[PDB]
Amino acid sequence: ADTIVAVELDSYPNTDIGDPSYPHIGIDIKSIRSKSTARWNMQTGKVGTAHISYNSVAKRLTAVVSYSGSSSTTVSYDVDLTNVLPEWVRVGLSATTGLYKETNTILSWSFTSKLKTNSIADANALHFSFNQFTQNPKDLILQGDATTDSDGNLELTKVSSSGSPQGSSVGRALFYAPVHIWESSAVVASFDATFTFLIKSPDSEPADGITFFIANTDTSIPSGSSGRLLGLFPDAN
C-alpha cells in the first residue's frame, strides 16, 4: 500500500467510517479516518481557497479553508512528518464523487518545500505555482479521470461538456518531480501549499471531496478508492 498524508475537504458525511455528521475539513495520516477535523460551512458555487502549512520544528500540520467574506474554517494536528513519510515523496491533489456528485474544479495551485542547514540560504528548495492549467500540462501526472479544460481549469473528477458533474469519478494530479520533503541532516524542513477551487452541484448533499496529499513517489489510485475514500486509500481502516 501507499503511504499517505492529506488535507481533506470532505463535503459528504460518511458516519459509518468515522466522519463527523457534517461537511468538514480534516487531517489524514495513513487513514481516511481523520486525526483531526473541523466543521466546514461549504458553499457550492463559490470559489474557495485552502492554505496548508507545516514545519519540522513546530511539528504542526495546519489548514485553513476560506471563502471571501464567507467563512474561515481551520484545523491543525501535531505530528512529526519525518517519522511518517518517506524522505522522497510526490505531492498532489485528489478528488472523488460517488452516488452523489460535485465538480472538483482547481483554478490554481502552488507548493513550496524547503530544507535549511545553518545558513540564511535554503539547503534545498522546490517551488511551483500555477494560476491556470495548460491543455497539455507536461509537469503534471494526471491519474484517473483528471483532465484540464478549455477554460484553463483542472477538473479532477468528470464533468460533461455542459459542465455538469458526474458520479462515480476519481482523479488525481501529481507534480512531476519527486520532492525531498525531509532529510536526516536538515535543521528544518518546511512546506506550504495553496489552491483555489470551485465546487458546484445540483445535489441536496454534494459529494464526495477533494484533497491535497503527500505520498510515496510511485503512488497510484488504489483499487476500490472511489466515493468516500477520496482516491487515497484502499479501505476505511
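Throughout, we count residues from 1 along the sequence that is shown.
Chemist: On average, are the C-alpha B-factors higher in 42-50 or in 206-214?
Modeler: Higher mean C-alpha B-factor in the PDB entry: 42-50.
Chemist: Mean Cα B factor from the PDB record: higher for 62-70, or higher for 24-32?
Modeler: Mean C-alpha B-factor is greater for 62-70.
Chemist: When the deposited Cα B-factors of this chain's modelled residues are ordered and cut into thirds, is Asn136 in the lowest, the middle or the highest one?
Modeler: For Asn136, whose C-alpha B-factor we compare with every modelled residue in the chain, the answer is the highest third.
Chemist: Please place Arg90 in the lowest, middle or highest third of its chain by C-alpha B factor as given in the entry.
Modeler: For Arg90, whose C-alpha B-factor we compare with every modelled residue in the chain, the answer is the lowest third.
Chemist: In terms of the chain's CA B-factor thirds, is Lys114 lowest, middle or highest?
Modeler: Its C-alpha B-factor belongs to the lowest third of this chain's values.
Chemist: Against its chain's modelled residues, does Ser168's Cα B factor rank lowest, middle or highest third?
Modeler: Answer is highest: the recorded C-alpha B-factor places it there.
Chemist: Classify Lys158 as lowest, middle or highest third according to the C-alpha B-factor given in the PDB entry, relative to its own chain.
Modeler: Top third by C-alpha B-factor.
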